[PDB]
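Accompanying notes for the structure given below.
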Ligand SMILES: Nc1ncnc2c1ncn2[C@@H]1O[C@H](COP(=O)(O)OP(=O)(O)OP(O)(O)=S)[C@@H](O)[C@H]1O
Ligand SMILES: Nc1ncnc2c1ncn2[C@@H]1O[C@H](COP(=O)(O)OP(=O)(O)OP(O)(O)=S)[C@@H](O)[C@H]1O
Ligand SMILES: [Mg+2]
Ligand SMILES: [Mg+2]
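Protein chains in written order, with the deposited numbering: chain A, -4 to 246; chain B, -4 to 246; chain C, 1 to 290; chain D, 1 to 290.
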């Protein structure tokens, strides 16, 4: 009934509300804005002594990288808040509520992703207003939203399941960071070394951790039919597992 | 008096004791061993169809990377254990004890670093026993110890100070990982882009975070006189700050 | 809220064993037992924080259950008031300002309700936690030592407030608690849990007091004093560990004191007073350790 | 362990204000007050968990201070026994097996001492935590509601054990606690802290003039009972009309009852009425809320 739905949404509202009140959020936004403005101002308009013309695509990709990381950390905090304060015990009292808890968090993750995508959009629009160059297609920004939604929801639900499996929070933040910064590190470090190097590299296109992390610094994207399906399928199964698990795990 | 020293050491003994009992330690060791054996077996002895002759230096550097990360996480756990369980409140009751607490942890960090260096040594000796190639100098392994001691102590004390400053543990594990995997990521991503690119890159030689992280994947090292001094000086000041801070911070 | 044949073990440690429970048209049920018996476990099963209890937990899920288990659960960097609003909106039906205020002022937490929880004392946190549970405007309220950290006045006002509320709302309250004296303030029955099952069902409808007299003797005189008193008066309870024998109240101590003197027994103490859950408790549990 | 002019505030909230404290050759000092008064704060200052108290805390650092503040502090993934050994080696002088055992069995925690702490109940954790503090073989012991989660028997045995230990070790004990009845078991004084300053001290070894034992006899026995009490006690009042004689309060009636029995006198009723710390507490603090 709508009463159930209402209670679920009320929890969502509080998590988002918190994001918009903590000064930390505001700080993080200012940091991103500063870094982007810095790149634009310092060299995009000056390195080759151009007549102040820049590549928004370079800015775009950098902004995405930063916001996806900050976003993922916001997602992790959203996920771990109840384990941290121990308040989870007050929610998981019956199946209807336990399931609603997962639903609420899933919704919050989606809304966080939307927020970050909106920030990304705004930062880049300001850059476009500020200098010269051909503006990016609206549809490019839209596809960027899709990337954010998928990236963050995939990692969010994955980490959520782990959080519930272990009931630890320190290692969730650790994994969020670790996974993001390991793919781009390890690829060029050793992928080329084994006789299976090419095999391994090709394999990454079918592994969401690898391809979603790699695309975090791309100016654009185009998922292959398989790659698209695999990522979305992974999201669906994690969601399902979270439900099946929460329904059985003692708190 | 020796009684004071004894109590400090007893705390150290317990932290190390814990490391040697948890199955997680044993798992981590096996993982490193497996990865090294894997590289040796899969391609070092076969990629170019050599007569089973390998470069221990490639193995050496990889092993170092893995052990320094695992080591740093062991260090972070050693640091945050008392905040996590809240047991810190039972120690910080008077200055003599508060100071002893810092001393104990400093000693534990050093001993952890030694342990990891010993593991590194053993893994590589096994590799040398296993296949062909010119064995690495004993003195190279020794210098590698020095690298471990410095790397881990620098990060350990830095993170310790943060831990005490914020009284949070989730963000200590996060920083440990983040810092390690960010330097090698960011360098080639944007260092070359600004007109100050060369300036920035050169600057990294004087910034311990950058140069200590970068050398984690080197087969060897040679610190410049400045670089050597800067790192060691940084360790000393962190140690001092930890003492001054713990002596004043309410628990 | 009914429990049928509940059995729960942790490895080889059986905590609950074929334990049954209900509310026989009662409203306030106290739960008494020693530490390690399983009071929290029972409550968790009822709350539904356990799904491995091998038995039937009969709950009309249409109803709300409010509860507080072990240490209080609050969001530390938020105000007390914030937590009340959140839970009312989140676990409850919605935030009822008037209801909330009655609880805040009845408990007397008002002066610090707008301060952050991390700045609260243990006592303050419990007063708030009780209120948080109440904010769901539940029918079943399950409290694990609700007055554990409260001061003498806090305990009385909180407990009194809850009793008023059980009529305002059609509630059923289960209170697991030490401080039998608090249960005695607000109760209409109590159950004594031992070795995984209920041992006594103690019904109390009125403050009948069942006045009793305590006669206290040296331990070397306990056996013969017990024999004398049980034969000539009505023995109600004993406390062997402390040398107490409890008989039906006597106005006049002469006959007992003379007869005991003829047996060379001279009491360390004697007094007429009201009956208590404390005496009931010891009679049942003292032999574990003593 | 002396406190001189201690003042402590959190922003505008003054908790302690020019508060002084000492042990006037006493051993067991209870601390009583309402929740929000600052009992924990005082203890933290003494322990030395606070360094911003604007005053002098006089501690011979040569000595050890053991303590338990708020919720118990233990390493969750380790056994109870492990924690005792660790702390004895780490904060204490060393691990004394015999000492440790006396505490474990006296508290009765033996059956679960080898189990992991995370598997412990709240009560069990407190019994262990008290033992952890004791393991330092300290001189000053500071306990923040040490029996807060203990059952009736646990509380008595733990408190009794500590009192024995204060003689075995030259200790001074400060106990902040609700359950005035527990303080009354083990105490030789108590201090009442209200409004951020000490308000009323009580010397438990002195009591008051009104603390009297009343003996009631048959009229024909009165004169000979009065003779006996006059020769062996101090008669504070004599009501021949009603058969009552008042002496200073007696803890143990055996001497009187045996002596009267030798005279062939058997009193009908013996009673003592002395004010409880509870009554003292309410008199002082009830007006805050009421
Ligand atoms: N997570 C757990 N793992 C193993 N054993 C447990 C766990 N939780 C509780 N127990 C055991 O279950 C028994 C009863 O536990 P509880 O329900 O917490 O006790 P209780 O009746 O609430 O007692 P208190 O805490 O002193 S009121 C004890 O013997 C505990 O050791
Ligand atoms: N970290 C803190 N920040 C702000 N205020 C605090 C903090 N800790 C305690 N207080 C306040 O200090 C006052 C006294 O606190 P405590 O020492 O914890 O009280 P208490 O006498 O131990 O009471 P209990 O917990 O109910 S026995 C209260 O008004 C608290 O709100
Ligand atoms: Mg319990
Ligand atoms: Mg307190």
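Quick reminder that beta carbons are idealized off the backbone N, C-alpha and C, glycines included.
Subject >> Cα-Cα separation between residue 4 of chain D and residue 82 of chain B, rounded to whole angstroms >> reply: Here residue 4 of chain D refers to the residue found at position 4 when the fourth chain is read from its first residue. Here residue 82 of chain B refers to the residue found at position 87 when the second chain is read from its first residue. Going by the C-alpha atoms only, they are around 29 Å apart.
Subject >> Exercise answer, beta-carbon shell around ligand 1 heavy atoms below 5 Å >> reply: C:10, C:15, C:35, C:36, C:37, C:38, C:39, C:40, C:41, D:119, D:121, D:122, D:123
Original post:
In whole angstroms, what separates the C-alpha of residue 30 of chain C from that of residue 0 of chain A?
Top reply: Reading the third chain from its first residue, position 30 is the one you call residue 30 of chain C. Reading the first chain from its first residue, position 5 is the one you call residue 0 of chain A. Straight-line Cα distance between these residues: approximately 35 Å.
**OP:** Pick out the complete beta strand (DSSP E) segments inside the region 169 to 231 of chain C, 3 residues or longer, and give them in chain order.
**Re:** 172 to 176, 189 to 194, 197 to 203, 212 to 216
**OP:** Can you give me, in chain order, the residues of the region 0 to 16 of chain A that have a beta carbon less than 7 Å from any beta carbon in chain C?
**Re:** 2, 5, 6, 9
Subject >> Cβ pair residue 36 of chain D, residue 123 of chain C closer than 9 Å >> reply: Here the question's residue 36 of chain D lines up with position 36 in the fourth chain. Here the question's residue 123 of chain C lines up with position 123 in the third chain. Contact flag set, yes.
Original post:
Are the C-beta of residue 267 of chain A and some C-beta of chain B separated by less than 9 Å?
Top reply: Residue 267 of chain A cannot be examined here, being either before or after the span of chain A that is shown, -4 to 246.
Original post:
Residues of chain B with a CB under 7 Å from the CB of residue 165 of chain A: which are they?
Top reply: Sequence index remark: in the first chain, residue 165 of chain A carries index 170 (1-based). Simply 164, 165, 168.
**OP:** Output, in sequence order along the chain, the residues in the region 175 to 200 of chain C whose CB is closer than 8 Å to any CB in chain D.
**Re:** 178, 179, 180
**OP:** Tell me residue 79 of chain C's beta-bridge partners as DSSP assigns them.
**Re:** Taking the third chain and counting its residues from 1, the one referred to as residue 79 of chain C is at position 79. The partner list for residue 79 of chain C (beta bridge, DSSP) reads C:116.
Subject >> residue 49 of chain C, buried or exposed, once every other Cβ within 10 Å from all chains shown has been counted against 16 >> reply: Your numbering for residue 49 of chain C matches position 49 in the third chain. Buried, because 16 or more other Cβ atoms sit within 10 Å of the Cβ of residue 49 of chain C.
Original post:
In terms of alpha-carbon separation, which member of D:42, D:46, D:51 lies closest to residue 243 of chain B?
Top reply: The sequence position of residue 243 of chain B within the second chain is 248, counting from 1. The candidate whose alpha carbon is nearest that of residue 243 of chain B is D:51.
Original post:
Taking any Cβ of chain C, which residues in the region 128 to 151 of chain D have a Cβ under 8 Å from it, in chain order?
Top reply: 145, 148, 149, 150, 151
**OP:** Mind listing the chain A neighbours of residue 212 of chain B? Cutoff is C-beta to C-beta under 8 Å, in chain order.
**Re:** The residue you call residue 212 of chain B lines up with position 217 of the second chain. The answer, in chain order, is 184.
**OP:** Write down the C-beta distance between residue 73 of chain B and residue 158 of chain B rounded to the nearest angstrom, noting that I regard them as a contact closer than 8 Å.
**Re:** Working through the second chain from its first residue, we reach residue 73 of chain B at position 78. Working through the second chain from its first residue, we reach residue 158 of chain B at position 163. About 11 Å; that fails the 8 Å criterion.
Original post:
Can you list, in chain order, the residues of its chain whose CB lies under 8 Å from that of residue 241 of chain A, leaving out five sequence neighbours each side?
Top reply: Within the first chain, the letter at position 246 stands for residue 241 of chain A. If we look at residue 241 of chain A and ignore the five residues flanking it on each side, its Cβ neighbours are 87, 93, 94, 96, 97, 159.
**OP:** Could you pull the start and end residues of the beta strand (DSSP E) that residue 248 of chain C belongs to?
**Re:** Indexing the third chain from 1 puts residue 248 of chain C at position 248. Residues 244 to 248.
Original post:
What residue range is occupied by the uninterrupted beta strand (DSSP E) comprising residue 10 of chain C?
Top reply: As a working note, residue 10 of chain C is residue 10 in the third chain. Element bounds for residue 10 of chain C: 2 to 10.
Subject >> heavy atom of ligand 4 below 8 Å from residue 205 of chain D C-beta >> reply: Locating residue 205 of chain D in the fourth chain gives position 205, where the first residue counts as 1. It does not: the Cβ of residue 205 of chain D is nowhere closer than 8 Å to a heavy atom of ligand 4.
**OP:** Output the distance between the C-alpha atoms of residue 90 of chain A and residue 90 of chain C, rounded to the nearest integer angstrom.
**Re:** For the purposes of this step, residue 90 of chain A is identified with residue 95 of the first chain, where counting begins at 1. For the purposes of this step, residue 90 of chain C is identified with residue 90 of the third chain, where counting begins at 1. Residue 90 of chain A and residue 90 of chain C: Cα-Cα distance of roughly 16 Å.
Original post:
Would DSSP call residue 81 of chain B helix, strand or coil?
Top reply: Reading the second chain from its first residue, position 86 is the one you call residue 81 of chain B. It is coil, neither helix nor strand.
Original post:
Considering residue 21 of chain C, what are the terminal residues of the beta strand (DSSP E) in which it resides?
Top reply: As a position in the third chain, residue 21 of chain C is number 21, starting the count at 1. Segment 13 to 21, the beta strand (DSSP E) holding residue 21 of chain C.
Subject >> Euclidean distance between Cα positions of residue 58 of chain D and residue 99 of chain B >> reply: On the fourth chain, position 58 is the one that residue 58 of chain D refers to. On the second chain, position 104 is the one that residue 99 of chain B refers to. So the two alpha carbons sit approximately 27 Å from each other.
**OP:** Please classify residue 98 of chain B: does DSSP put it in a helix, a strand, or coil?
**Re:** Here residue 98 of chain B is taken as the residue at index 103 of the second chain, counted from 1. Residue 98 of chain B falls in the helix class under three-state DSSP.
Original post:
With distances taken from CA atoms, which of B:191, B:223, B:201, B:23 is nearest residue 33 of chain A?
Top reply: Numbered from 1 along the first chain, position 38 holds the residue referred to as residue 33 of chain A. Ranking the options by Cα distance to residue 33 of chain A, first place goes to B:191.
Original post:
Taking 8 Å as the cut-off, is the CB of residue 70 of chain C close to at least one heavy atom of ligand 3?
Top reply: Counting from one through the third chain, the residue named residue 70 of chain C turns up at place 70. Residue 70 of chain C Cβ: within cutoff of ligand 3.
Original post:
Under 8 Å from any heavy atom of ligand 4, does the C-beta of residue 155 of chain C make it?
Top reply: Counting from one through the third chain, the residue named residue 155 of chain C turns up at place 155. Residue 155 of chain C: no, Cβ never under 8 Å from ligand 4.
Original post:
What is the residue span of the beta strand (DSSP E) that residue 291 of chain C lies within?
Top reply: In the structure as shown, chain C starts at 1 and stops at 290, and residue 291 of chain C therefore has no counterpart that could be examined.
**OP:** Quick one: grab the DSSP three-state call for residue 263 of chain D.
**Re:** Working through the fourth chain from its first residue, we reach residue 263 of chain D at position 263. Looking at residue 263 of chain D - three-state DSSP - the assignment turns out to be coil, as it is neither helix nor strand.
Subject >> With 16 other Cβ atoms within 10 Å as the buried cut-off, status of residue 155 of chain B >> reply: Translated into the one-based positions of the second chain, residue 155 of chain B becomes position 160. Buried is the call here.
Original post:
If the cut is a Cβ gap below 7 Å, which residues of chain B does residue 172 of chain A touch?
Top reply: For the purposes of this step, residue 172 of chain A is taken as the residue at position 177 of the first chain. In chain order: 169, 172, 173.
Subject >> Residues bridged to residue 37 of chain B [DSSP beta-bridge criterion] >> reply: One-based indexing of the second chain puts residue 37 of chain B at position 42. According to DSSP, residue 37 of chain B bridges with nothing at all.
Original post:
In chain C, which residues lie less than 8 Å from residue 246 of chain A when you measure between Cβ atoms?
Top reply: One-based indexing of the first chain puts residue 246 of chain A at position 251. Residues of chain C passing the Cβ test: 49.
Original post:
Applying a beta-carbon distance threshold of less than 7 Å, which residues of chain D neighbour residue 82 of chain B?
Top reply: Along the second chain, read from residue 1 onward, the residue named residue 82 of chain B stands at position 87. Within 7 Å Cβ-Cβ: 73, 75.
Original post:
Quick one: what does DSSP say residue 58 of chain C is sitting in, helix, strand or coil?
Top reply: Here residue 58 of chain C refers to the residue found at position 58 of the third chain. DSSP places residue 58 of chain C in strand when its eight states are reduced to three.
Original post:
Between the C-alpha atoms of residue 188 of chain B and residue 212 of chain B, what's the straight-line distance to the nearest angstrom?
Top reply: Position 193 of the second chain, counted from the start, is the residue given in the question as residue 188 of chain B. Position 217 of the second chain, counted from the start, is the residue given in the question as residue 212 of chain B. So the two alpha carbons sit approximately 24 Å from each other.
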